[PDB]
Amino acid sequence: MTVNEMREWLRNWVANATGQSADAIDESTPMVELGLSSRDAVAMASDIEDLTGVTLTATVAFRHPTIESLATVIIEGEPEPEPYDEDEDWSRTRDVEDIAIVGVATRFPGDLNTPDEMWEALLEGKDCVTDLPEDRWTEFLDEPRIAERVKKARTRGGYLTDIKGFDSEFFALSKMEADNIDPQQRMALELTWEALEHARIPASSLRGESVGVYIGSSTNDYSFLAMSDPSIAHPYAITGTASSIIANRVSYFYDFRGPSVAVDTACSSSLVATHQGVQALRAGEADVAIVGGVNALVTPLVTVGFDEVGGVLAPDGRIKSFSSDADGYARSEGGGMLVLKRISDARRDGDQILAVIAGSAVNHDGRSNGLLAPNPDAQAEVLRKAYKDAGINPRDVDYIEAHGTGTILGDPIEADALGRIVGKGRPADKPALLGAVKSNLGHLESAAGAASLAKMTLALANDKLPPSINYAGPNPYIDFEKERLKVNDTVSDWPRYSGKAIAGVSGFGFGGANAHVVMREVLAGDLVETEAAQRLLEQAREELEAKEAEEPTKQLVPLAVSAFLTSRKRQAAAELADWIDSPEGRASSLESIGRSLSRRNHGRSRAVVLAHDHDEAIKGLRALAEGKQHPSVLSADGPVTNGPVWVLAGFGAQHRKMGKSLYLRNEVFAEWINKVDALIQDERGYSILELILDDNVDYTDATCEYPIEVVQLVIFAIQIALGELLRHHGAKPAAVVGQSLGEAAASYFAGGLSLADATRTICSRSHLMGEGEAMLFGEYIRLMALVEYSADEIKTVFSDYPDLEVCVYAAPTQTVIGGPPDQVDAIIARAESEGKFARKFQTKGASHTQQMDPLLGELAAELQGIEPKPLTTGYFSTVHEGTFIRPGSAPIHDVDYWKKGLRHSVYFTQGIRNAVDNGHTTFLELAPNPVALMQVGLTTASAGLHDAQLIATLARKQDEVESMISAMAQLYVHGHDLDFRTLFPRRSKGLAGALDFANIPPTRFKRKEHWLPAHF
Amino acid sequence: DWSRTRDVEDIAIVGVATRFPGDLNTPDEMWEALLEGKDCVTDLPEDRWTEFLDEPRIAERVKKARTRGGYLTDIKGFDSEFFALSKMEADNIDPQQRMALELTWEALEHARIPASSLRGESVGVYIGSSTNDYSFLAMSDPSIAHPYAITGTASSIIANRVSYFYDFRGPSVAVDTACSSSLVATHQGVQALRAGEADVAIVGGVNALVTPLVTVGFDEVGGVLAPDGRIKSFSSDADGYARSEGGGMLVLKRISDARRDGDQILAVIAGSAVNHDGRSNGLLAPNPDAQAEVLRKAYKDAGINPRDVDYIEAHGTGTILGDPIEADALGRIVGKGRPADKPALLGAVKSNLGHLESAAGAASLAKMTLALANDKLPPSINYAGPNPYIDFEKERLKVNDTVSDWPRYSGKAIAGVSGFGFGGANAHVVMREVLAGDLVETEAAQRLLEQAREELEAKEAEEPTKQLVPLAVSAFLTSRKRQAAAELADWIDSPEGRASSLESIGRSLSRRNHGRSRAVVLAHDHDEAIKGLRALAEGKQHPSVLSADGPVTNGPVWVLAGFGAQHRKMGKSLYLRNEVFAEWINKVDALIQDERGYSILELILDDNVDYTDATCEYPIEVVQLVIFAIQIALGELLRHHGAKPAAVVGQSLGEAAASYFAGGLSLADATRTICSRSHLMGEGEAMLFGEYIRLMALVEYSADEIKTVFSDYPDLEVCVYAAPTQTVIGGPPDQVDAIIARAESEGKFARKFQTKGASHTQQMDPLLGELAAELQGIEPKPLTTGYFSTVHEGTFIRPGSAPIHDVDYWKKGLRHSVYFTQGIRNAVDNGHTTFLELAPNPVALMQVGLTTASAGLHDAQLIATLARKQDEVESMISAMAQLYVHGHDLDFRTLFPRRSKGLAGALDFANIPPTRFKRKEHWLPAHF
Ligand SMILES: *P(=O)(O)OCC(C)(C)[C@@H](O)C(=O)NCCC(=O)NCCS
């Protein structure tokens, strides 16, 4: 609450974490030298957050290494920068949101294929410009004139290591089609996949969504190879070399439904694409934006032309941005992608924001001193427009990612423009830092903007400024002191003139098109915005805590491994098993690995490994690598045709402590149980939660006043809670089939009735059954028994028994019947003559018989008032002879329907047979104990389905939390609707969520050579 | 609910340019062809693809293909001189860029927006292109290929060169969505316009069939190209399409801007949307669900219920498989809920023009804009019967195969334009017709004014005067200007020209491009205009023709003279016949009434006031006040038409006006200064009479030569150096005639002024104290214009300098001499050649000419505003015409204001000939 008490609490916390003197560790020394590391900093930040309510980021915590600074910044916040006087208002005129960058994909010279490699190269100041590879441009070196012309040119630049490799099998392309595809499209596809993986957004979750694609390209270089011989050219080249296909194929493969356009502004194509994506996101029209640019050096025509122009290409191939010896640039090939979302959407979806885009603008030079001559006035105007759109004063910019082409004539113009706009009004001791990534990677023609954006995103995320290389000294024609600019040639921290990191990215095409993007770091403000049963709950929680203290239980972590092919899934499982056994895998929590796996792409072939620790996970993954079956591994080669069917059974499925363990260890289950308990209290005037939380309640005559009613009410509540818990994780039934007491739950889940109506129906039924049985005793009782007679075979035996009635056809070869006890044992004795199976039920409920006749009038009066609704799900009404009802049909759940269901028999096996005939193979039962799964299996086997999926939710003598995890795992494996990300919720937003994810291996591709054989 | 969720404006279409097969180069020709149902698909021209027909394999492969489609008549022609391109550079330019430039110019002309007025403005360019076909010719021989092809064949250059040539400062991007490129470009332009970021948007698409590679590939695909080359949209015998080449452009502005600028709105764009098919049944297979979604999104953005759509411009590629999908989507969205008797009319322009790959959207938008503007629906051709696989009655669709009126189900015409690329990109644009709601939102002097107006009306009834209509003809070269003038003269003499009012021709000419070489013809009727244009055609000089070969280096200098420039009826004619002049005269009169307690408007409107002793109580003061008012009114009238001075130089009584126009003082401060000066001069002269009077005289002595003669005259003082060889001096009458007699010995020129004002001498000494007290309170301001202060020895003062117009400055100006010729010499030395005088009568123009001639400038531009015995309305028109001719700042459109908005403005413009281009053959010599 105050600075001093916060400091004392922090000292106590570090003392507890280290065991030191606890009273002499308040030094000015940093926590790192006190004995702490980066591992416990996350826990300390979480403890600070849950006590104070403020969220601290990584940069803020690291910039304050000592106890006093952290204590001051937690209470008083970050110090406010001193005000400055400006003659203009730079606030936003429009009401628009900020754009959050969540994923980065890089394909750059120097084997920079991941953002981490690119960041390491930038920190090391690596030069990625090399000579022309010996295997490149071989189609043109066989002609003596072309060969001698190429040797005269520079031909030095940034080249990709493997430009011919492509995984055509992954993208479902034939060899003939794959050979005619521009490498730009291959790079676009690969970078889209890699950016989606980096953002930790599953690709399967974006199918059918409004995702926009904006890719910038400049030249169709691969077309020339196709048309080298016009007759041998294949028609596939029309689609494989077109510029619009670069984005159209990305949209098609990933099933994106947003805008898909390819832009062309020469050297500002990537920045223009990013600007268009941002403008699309701000104006609705899209939810996720994929922006970037690609460039490939397929043929030497452009390089030879630029060399013939003269004074454009550097003799040594190095780009010396803003240096005294700048003499041109060199052409490079590569590509990059970014994933853009609205900041509110990113905050609500739990995405990790890498950087924030505040605004951007584009314009043209106009009538300059020639078509290829840059205009400083237009650059100043675009800077002003971009900073007006971003709502940020240009005086507060810390770093400028300039064009940096290394020309002796264009660098002074760019510096003059920056001094006109960015550097105007700055004090001499606060200059804007300047640099360019073209000094490292070369001039990526249509991908310069993508490289610059990736570099600045990595710099903002990692809180460091990479140096600029090939800088011998200041340009004599540029007065950096007057322009208030400084070249950053070393590794340095963000100056943070305005208190936060602000950067600008510039890029100008040779045709006069200019663009500028304003970026800022993510801030902390972007990540924000029943009395008796109570004692039983308290004592149950306190007893559960005592048992956990004696022995902590091991959580079951489901590990999801999937791919588009079974062999690829096995290879990925083997690689994951290898990674987990490594020391890095051992140092990561099993929950983090599961969370990282749950946000990967969920392919056609899926598998789930249920493990408690690292060793079990390794063993399961090793088993999954081969075809060996394992009890801890669930796998399938593909999804099933139709959705699952929920079976609302539950007769004879009660036990002593059903639902108690899941109530304490799950919040959605507890919430729905409390809701149903409140509804029953409103209806029946007593709480079922007291019975559930009680330990010594056997749901029998010796422990319950109304054993018949309470069992049905508790089973109904458990079914409703389990169904809603399944709906919480994204599961939904394709069809619903109910049984004698599960009809209310079936109606509720099918949309026929609301929760209150179904609760009133089940309460009325149970209470009438309980009350009516009390008066019926002595010789008027009716007993129910199970026989091995089918639907038609039982007609013959019933000729000898007039009073016997059929209760429910559980199985094709089994039937439940009820009647007078002297008449029930008679048919049982007759059945025993053939050596069949016959048993007498021990419950005196005696439903679906003549005994329920007096209760129809009372049932009708109590049920008068319910409002039936049209069904939103397929329904197999066992009351209506198991007839399937299409969704959207007329309401059926009227009073007469319930009267018929309570009075007449239940055609359970007919509904299951109809469901099998409709193509349903997965059956899920919501019950405290699986009792009807055997009946469903018997019905399916007789129907010609020997491999049906029978899934249970809760079972006796089984852990209820693990049982539900396994039930959802089976649904996920068979391709049913289930959000696997919901199984690993995030509890932290800022620095406390640093260890939420593990560094699992990425997806591996089998690249094959695909190229056009051409000669000249 | 289909109402708009966002608060955005509508986009108005003001200009259309067409370059389509069938020689449809103008919107009128295209509309006539659409009404006639013309088929524009022909065979391959004999002069096309000749670079590839010399190879036997390629030649035999081409003959196997279809090769029928829409081709341009002259694809190699290009006016490189007009666009300032060398032959080497012009030969390497993609014809797509040439079409983009030509269509931009033609669309700007059609919109009646001068191209020179958009230079430096935020104008966005969005052009859709699909293939770089001209690149293949360049790289046919890699060694012979020139580096110019890099810029001449790049796709971004298609828009970058348009932005560069026209000096556009807005976004310039080239889009690529195969067959929806034009629609996507239009959508991007609309979104840019709605989000600020731009004021004018140029959208469209181009396509050229340079090489047969794409056609041969599509033929080799099979089942794509129609065997006969005709597109039978929604017909029972649809068997493919044919590829065509062409382009089109549209000029887009916000509807409020178009309304305020007086532009003629042709059609209104309500909304648009774009999306993608996603994972369809193959990459090239269209998806009906995505098309339905894009229709819903576009109609949600437009804020219009799809049930109210009258006509749908469908994709209409003529495929037996895609037409049912498009019809199904239209029935899902557009046709859902309609009654059986109100179907949505269906058609496609591809049946007429063929399949313009990257220009289908431009052609469809042009067709729908023409249909909305002309209130007619053109028929759809090649329609033998309904498609058996399409149930038009169920889908509530009907093919319009005849000329029919707009059904107007919702009371207004609403149309939709659809276009889908083969890659899965879909687009839809919703258009509506322009509605009527889019084009909306001093007592005594009074009697003198009434009687003057009634007498003027009586004279006009006896004989109506003929208005002077300035005709502006301009071009980038003098020869082109002469050719255009000759063509205009030929057109005017034609019966169509005779049936058009001369004012309409002038209004049409004033909204054309104002080039480097300009000329103005001042005419009263058609015959005078014809004679002037004929004279302008040759190099013959004509008094009614003002011409110049180019602009001057520096701006004009306003001379605030006026001493001895008064006459009986100065400013009376212009007051009655001009509203801005009258408004500013009334404002100055009100200021003087506040200051001096009497109205100068009564003197101006009075007829028998000679501004002398026999007609005015205070002849000295009233003349100065009226001259100051006239100068202020003339300057503000010139500012109304866009004129602004580059520098200002004043004289003895014009210093207040010079300070006001230079930004030093406000109107009230200058009015108070001039009123105080005039009243003090008038009052002081009354007490000075008898032998103490001072007389002013003009002599032929220079600044330094007058020093020697002044040794004999101690009391004589110098008043103003009017000319390098002339000087005005003042002193005692017995001492003034003495030096005059001495000057007459050499036979020089000497005259005595008849005005007893005697300013800038010792007589004004007692008035300094009174002047300081009255002037105490003025607030000087920094100068916003160059100033040649004749008080400060004619020293030039840069704009933005410290204020100079304090009380001491006025005291020194009233007491000391005026260095008029020094300021003019400094202005000449600064590069100023144009001098404009604001006065009721040009008196100092002779002095300015004498000074400039002595300074080495024998061709200076001396322009007068008002003159004696001259029509004041025609004098001001001629003065602004000279400013326009010499390239000075002047909005020539302000000379022809529009008084009507709707149907009453139908005859505001004439059908003057368009700009003519000299097209030359520019092509790359290639062989295989
Ligand atoms: P430790 O050596 O395991 O370090 C872990 C870490 C907390 C530094 C890191 O994994 C993390 O989650 N935060 C990184 C913050 C960052 O890179 N930017 C700020 C650097 S000062």
# chains A, B, ... in the order shown; residues from 1 in each chain; ligands from 1
$ residues_around --residues "residue 95 in chain B" --least-positions-apart "3" --cutoff "9 Å" --atoms "only C-alpha atoms" --output "ChimeraX atom specification"
/B:75-76,78,98-100,134,153,207-208,210
$ interface_residues --of "chain A" --to "chain B" --cutoff "6 Å" --atoms "only C-alpha atoms" --output "list in words"
residues 235, 244, 248, 251, 252, 255, 256, 257, 258, 259, 261, 262, 263, 264, 265, 305, 362, 363, 364, 366, 367 and 511 of chain A
$ residues_near_ligand --ligand "ligand 1" --cutoff "10 Å" --atoms "only C-alpha atoms and all ligand atoms" --output "ChimeraX atom specification"
/A:37-42,57-63,458-464,493,587,990-998
$ write_last_selection --atoms "C-alpha atoms" --output "CSV table (one decimal), in the first residue's frame"
chain,number,residue,atom,x,y,z
A,37,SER,CA,18.1,-15.8,-11.5
A,38,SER,CA,15.6,-15.4,-14.3
A,39,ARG,CA,13.7,-18.5,-13.2
A,40,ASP,CA,12.4,-17.2,-9.9
A,41,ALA,CA,11.8,-13.7,-11.3
A,42,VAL,CA,8.6,-14.9,-13.0
A,57,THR,CA,6.5,-6.2,-18.0
A,58,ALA,CA,9.9,-7.8,-18.7
A,59,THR,CA,11.6,-4.6,-19.8
A,60,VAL,CA,10.4,-2.6,-16.8
A,61,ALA,CA,11.5,-5.2,-14.3
A,62,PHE,CA,14.9,-5.6,-15.9
A,63,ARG,CA,15.5,-1.9,-16.2
A,458,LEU,CA,12.7,-8.0,-32.7
A,459,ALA,CA,14.4,-4.9,-31.3
A,460,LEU,CA,11.2,-3.8,-29.5
A,461,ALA,CA,10.6,-7.3,-28.1
A,462,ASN,CA,14.1,-7.9,-27.0
A,463,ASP,CA,14.7,-4.3,-25.7
A,464,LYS,CA,18.0,-3.8,-27.6
A,493,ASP,CA,19.8,0.5,-25.2
A,587,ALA,CA,14.1,-27.9,-17.3
A,990,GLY,CA,2.7,-9.9,-18.3
A,991,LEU,CA,6.1,-11.1,-17.0
A,992,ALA,CA,4.4,-13.8,-14.9
A,993,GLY,CA,3.5,-15.5,-18.1
A,994,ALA,CA,7.1,-15.8,-19.3
A,995,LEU,CA,7.3,-19.5,-18.7
A,996,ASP,CA,3.8,-20.4,-19.9
A,997,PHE,CA,5.2,-21.9,-23.1
A,998,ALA,CA,8.0,-24.3,-23.9
$ residues_around --residues "residue 552 in chain B" --least-positions-apart "4" --cutoff "8 Å" --atoms "only C-alpha atoms" --output "PDB file with C-alpha atoms, in the first residue's frame"
ATOM      1  CA  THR B 833       9.016  42.354 -64.968  1.00  0.00           C
ATOM      2  CA  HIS B 886       1.910  35.585 -68.446  1.00  0.00           C
ATOM      3  CA  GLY B 887       1.506  32.631 -66.073  1.00  0.00           C
ATOM      4  CA  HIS B 888       0.615  34.564 -62.924  1.00  0.00           C
TER       5      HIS B 888
END
$ residues_around --residues "range 916-922 of chain A" --least-positions-apart "5" --cutoff "12 Å" --atoms "only C-alpha atoms" --output "ChimeraX atom specification"
/A:639-647,733-737,874-876,882-886,909-911,933,936-952,967,970-976
$ write_last_selection --atoms "N, CA and C atoms" --output "compact mmCIF listing (two decimals), in the first residue's frame"
# COMPACT_ATOMS: atom_id res chain seq x y z
N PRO A 639 -10.32 -38.46 -39.13
CA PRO A 639 -11.59 -38.15 -38.47
C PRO A 639 -12.71 -39.06 -38.94
N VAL A 640 -13.76 -39.12 -38.13
CA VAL A 640 -14.94 -39.91 -38.45
C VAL A 640 -15.87 -39.08 -39.32
N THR A 641 -16.83 -39.74 -39.99
CA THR A 641 -17.68 -39.04 -40.95
C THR A 641 -18.65 -38.09 -40.26
N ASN A 642 -19.33 -38.56 -39.21
CA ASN A 642 -20.37 -37.79 -38.56
C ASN A 642 -19.97 -37.45 -37.13
N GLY A 643 -20.73 -36.53 -36.53
CA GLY A 643 -20.46 -36.09 -35.19
C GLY A 643 -20.90 -37.11 -34.15
N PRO A 644 -20.67 -36.78 -32.88
CA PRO A 644 -21.01 -37.71 -31.80
C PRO A 644 -22.46 -37.59 -31.36
N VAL A 645 -22.91 -38.64 -30.67
CA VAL A 645 -24.26 -38.72 -30.13
C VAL A 645 -24.16 -38.83 -28.62
N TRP A 646 -24.84 -37.93 -27.91
CA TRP A 646 -24.82 -37.92 -26.45
C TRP A 646 -25.95 -38.80 -25.93
N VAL A 647 -25.61 -39.76 -25.07
CA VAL A 647 -26.57 -40.70 -24.50
C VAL A 647 -26.86 -40.26 -23.07
N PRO A 733 -22.99 -31.69 -29.25
CA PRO A 733 -23.52 -32.95 -29.79
C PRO A 733 -24.13 -32.77 -31.17
N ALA A 734 -23.86 -33.73 -32.05
CA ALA A 734 -24.53 -33.76 -33.34
C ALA A 734 -25.96 -34.28 -33.22
N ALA A 735 -26.19 -35.23 -32.31
CA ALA A 735 -27.52 -35.76 -32.05
C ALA A 735 -27.59 -36.18 -30.59
N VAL A 736 -28.81 -36.21 -30.07
CA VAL A 736 -29.05 -36.51 -28.66
C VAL A 736 -30.09 -37.61 -28.55
N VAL A 737 -29.79 -38.64 -27.76
CA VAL A 737 -30.72 -39.72 -27.47
C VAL A 737 -30.77 -39.90 -25.96
N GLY A 874 -30.19 -32.71 -33.66
CA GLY A 874 -30.86 -33.96 -33.99
C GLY A 874 -31.29 -34.71 -32.74
N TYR A 875 -32.47 -35.32 -32.82
CA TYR A 875 -33.07 -35.96 -31.66
C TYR A 875 -33.58 -37.33 -32.04
N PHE A 876 -33.26 -38.33 -31.22
CA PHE A 876 -33.76 -39.69 -31.38
C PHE A 876 -34.71 -39.95 -30.21
N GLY A 882 -38.21 -44.31 -31.23
CA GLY A 882 -36.85 -44.10 -31.70
C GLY A 882 -36.76 -43.46 -33.06
N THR A 883 -37.66 -42.53 -33.38
CA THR A 883 -37.66 -41.88 -34.68
C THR A 883 -36.78 -40.64 -34.67
N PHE A 884 -35.86 -40.56 -35.63
CA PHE A 884 -34.99 -39.40 -35.74
C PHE A 884 -35.79 -38.16 -36.13
N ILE A 885 -35.46 -37.04 -35.49
CA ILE A 885 -36.11 -35.76 -35.75
C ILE A 885 -35.04 -34.77 -36.17
N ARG A 886 -35.23 -34.17 -37.35
CA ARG A 886 -34.26 -33.22 -37.86
C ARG A 886 -34.27 -31.93 -37.03
N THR A 909 -33.13 -49.25 -27.85
CA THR A 909 -32.32 -49.88 -28.88
C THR A 909 -32.73 -49.45 -30.28
N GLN A 910 -34.01 -49.13 -30.49
CA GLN A 910 -34.45 -48.64 -31.80
C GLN A 910 -33.79 -47.31 -32.14
N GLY A 911 -33.68 -46.40 -31.16
CA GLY A 911 -33.01 -45.14 -31.40
C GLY A 911 -31.54 -45.31 -31.72
N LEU A 933 -23.37 -48.06 -21.77
CA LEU A 933 -22.37 -48.25 -22.82
C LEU A 933 -22.37 -49.69 -23.32
N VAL A 936 -25.33 -49.97 -25.66
CA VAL A 936 -25.04 -49.31 -26.93
C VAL A 936 -24.09 -50.15 -27.77
N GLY A 937 -23.07 -50.73 -27.14
CA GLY A 937 -22.16 -51.59 -27.88
C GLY A 937 -22.84 -52.83 -28.43
N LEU A 938 -23.72 -53.44 -27.64
CA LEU A 938 -24.47 -54.60 -28.12
C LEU A 938 -25.36 -54.22 -29.30
N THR A 939 -26.03 -53.07 -29.23
CA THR A 939 -26.87 -52.64 -30.33
C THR A 939 -26.06 -52.35 -31.58
N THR A 940 -24.91 -51.68 -31.43
CA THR A 940 -24.08 -51.35 -32.59
C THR A 940 -23.49 -52.60 -33.22
N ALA A 941 -23.07 -53.57 -32.40
CA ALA A 941 -22.53 -54.81 -32.94
C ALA A 941 -23.57 -55.55 -33.77
N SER A 942 -24.81 -55.59 -33.29
CA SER A 942 -25.88 -56.23 -34.05
C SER A 942 -26.24 -55.44 -35.30
N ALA A 943 -25.90 -54.16 -35.34
CA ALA A 943 -26.22 -53.30 -36.48
C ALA A 943 -25.11 -53.26 -37.52
N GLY A 944 -24.01 -53.99 -37.31
CA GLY A 944 -22.92 -54.01 -38.26
C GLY A 944 -21.91 -52.90 -38.05
N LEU A 945 -21.58 -52.62 -36.79
CA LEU A 945 -20.59 -51.60 -36.44
C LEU A 945 -19.77 -52.14 -35.27
N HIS A 946 -18.65 -52.78 -35.59
CA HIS A 946 -17.81 -53.44 -34.59
C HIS A 946 -16.65 -52.57 -34.13
N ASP A 947 -16.56 -51.33 -34.60
CA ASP A 947 -15.48 -50.42 -34.23
C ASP A 947 -16.04 -49.06 -33.82
N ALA A 948 -17.21 -49.06 -33.18
CA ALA A 948 -17.80 -47.82 -32.73
C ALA A 948 -17.00 -47.23 -31.57
N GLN A 949 -17.07 -45.90 -31.44
CA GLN A 949 -16.37 -45.17 -30.39
C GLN A 949 -17.32 -44.97 -29.22
N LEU A 950 -17.10 -45.71 -28.14
CA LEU A 950 -17.90 -45.62 -26.93
C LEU A 950 -17.06 -44.91 -25.87
N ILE A 951 -17.47 -43.70 -25.50
CA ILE A 951 -16.70 -42.84 -24.61
C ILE A 951 -17.51 -42.61 -23.34
N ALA A 952 -16.86 -42.81 -22.19
CA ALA A 952 -17.46 -42.58 -20.89
C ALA A 952 -16.88 -41.31 -20.27
N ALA A 967 -11.87 -38.28 -21.65
CA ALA A 967 -13.06 -38.25 -22.49
C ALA A 967 -12.95 -37.20 -23.58
N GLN A 970 -10.36 -38.29 -26.35
CA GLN A 970 -10.90 -39.17 -27.38
C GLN A 970 -11.72 -38.38 -28.40
N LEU A 971 -12.48 -37.38 -27.95
CA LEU A 971 -13.23 -36.54 -28.88
C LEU A 971 -12.29 -35.78 -29.80
N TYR A 972 -11.19 -35.25 -29.25
CA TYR A 972 -10.22 -34.54 -30.08
C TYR A 972 -9.56 -35.47 -31.10
N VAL A 973 -9.21 -36.69 -30.68
CA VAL A 973 -8.49 -37.60 -31.56
C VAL A 973 -9.33 -37.96 -32.78
N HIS A 974 -10.62 -38.22 -32.58
CA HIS A 974 -11.51 -38.64 -33.65
C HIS A 974 -12.02 -37.47 -34.48
N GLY A 975 -11.47 -36.27 -34.30
CA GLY A 975 -11.82 -35.14 -35.13
C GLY A 975 -13.08 -34.40 -34.75
N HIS A 976 -13.64 -34.66 -33.58
CA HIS A 976 -14.85 -33.97 -33.16
C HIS A 976 -14.52 -32.54 -32.72
$ select_by_dssp --residues "range 322-449 of chain A" --states "alpha helix (DSSP H)" --output "PyMOL selection string"
chain A and resi 343-349+376-390+410-421+438-441+448-449
$ residues_around --residues "range 182-190 of chain A" --least-positions-apart "6" --cutoff "6 Å" --atoms "only C-alpha atoms" --output "ChimeraX atom specification"
/A:222,240-241,246,250,294
$ write_last_selection --atoms "N, CA and C atoms" --output "CSV table (one decimal), in the first residue's frame"
chain,number,residue,atom,x,y,z
A,222,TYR,N,10.5,-15.7,-62.5
A,222,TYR,CA,10.3,-17.1,-62.8
A,222,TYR,C,9.6,-17.3,-64.1
A,240,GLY,N,1.3,-20.7,-62.0
A,240,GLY,CA,2.5,-20.8,-61.2
A,240,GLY,C,3.4,-19.6,-61.2
A,241,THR,N,3.1,-18.6,-62.1
A,241,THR,CA,4.0,-17.4,-62.2
A,241,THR,C,3.2,-16.1,-62.2
A,246,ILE,N,0.3,-15.3,-55.9
A,246,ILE,CA,1.2,-15.3,-54.7
A,246,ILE,C,0.3,-15.2,-53.4
A,250,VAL,N,-2.1,-18.7,-51.1
A,250,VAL,CA,-2.0,-18.7,-49.7
A,250,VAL,C,-3.4,-18.7,-49.1
A,294,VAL,N,8.0,-10.6,-50.8
A,294,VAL,CA,8.9,-11.7,-51.3
A,294,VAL,C,9.7,-11.1,-52.5
$ residues_around --residues "residue 682 in chain B" --least-positions-apart "6" --cutoff "7 Å" --atoms "only C-alpha atoms" --output "PDB file with N, CA, C and O atoms, in the first residue's frame"
ATOM      1  N   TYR B 618     -14.780  69.432 -49.015  1.00  0.00           N
ATOM      2  CA  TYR B 618     -13.403  69.097 -48.661  1.00  0.00           C
ATOM      3  C   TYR B 618     -12.781  68.375 -49.851  1.00  0.00           C
ATOM      4  O   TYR B 618     -12.577  67.153 -49.809  1.00  0.00           O
ATOM      5  N   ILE B 620      -9.810  68.079 -51.088  1.00  0.00           N
ATOM      6  CA  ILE B 620      -8.542  67.378 -50.906  1.00  0.00           C
ATOM      7  C   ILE B 620      -8.760  66.038 -50.212  1.00  0.00           C
ATOM      8  O   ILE B 620      -8.197  65.014 -50.619  1.00  0.00           O
ATOM      9  N   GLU B 621      -9.580  66.021 -49.161  1.00  0.00           N
ATOM     10  CA  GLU B 621      -9.756  64.807 -48.367  1.00  0.00           C
ATOM     11  C   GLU B 621     -10.582  63.763 -49.112  1.00  0.00           C
ATOM     12  O   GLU B 621     -10.235  62.574 -49.125  1.00  0.00           O
TER      13      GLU B 621
END
$ residues_around --residues "residue 245 in chain B" --least-positions-apart "2" --cutoff "9 Å" --atoms "only C-alpha atoms" --output "PyMOL selection string"
chain B and resi 19-21+69-72+206-209+243+247+354-359
$ atom_distance --atom1 "CA of residue 320 in chain A" --atom2 "CA of residue 410 in chain A"
12.3 Å
$ atom_distance --atom1 "CA of residue 747 in chain A" --atom2 "CA of residue 818 in chain A"
26.0 Å
$ atom_distance --atom1 "CA of residue 22 in chain B" --atom2 "CA of residue 246 in chain B"
10.3 Å
$ closest_residue --among "A:631, A:742, A:870, A:985" --to "residue 966 in chain A" --atoms "only C-alpha atoms"
A:631
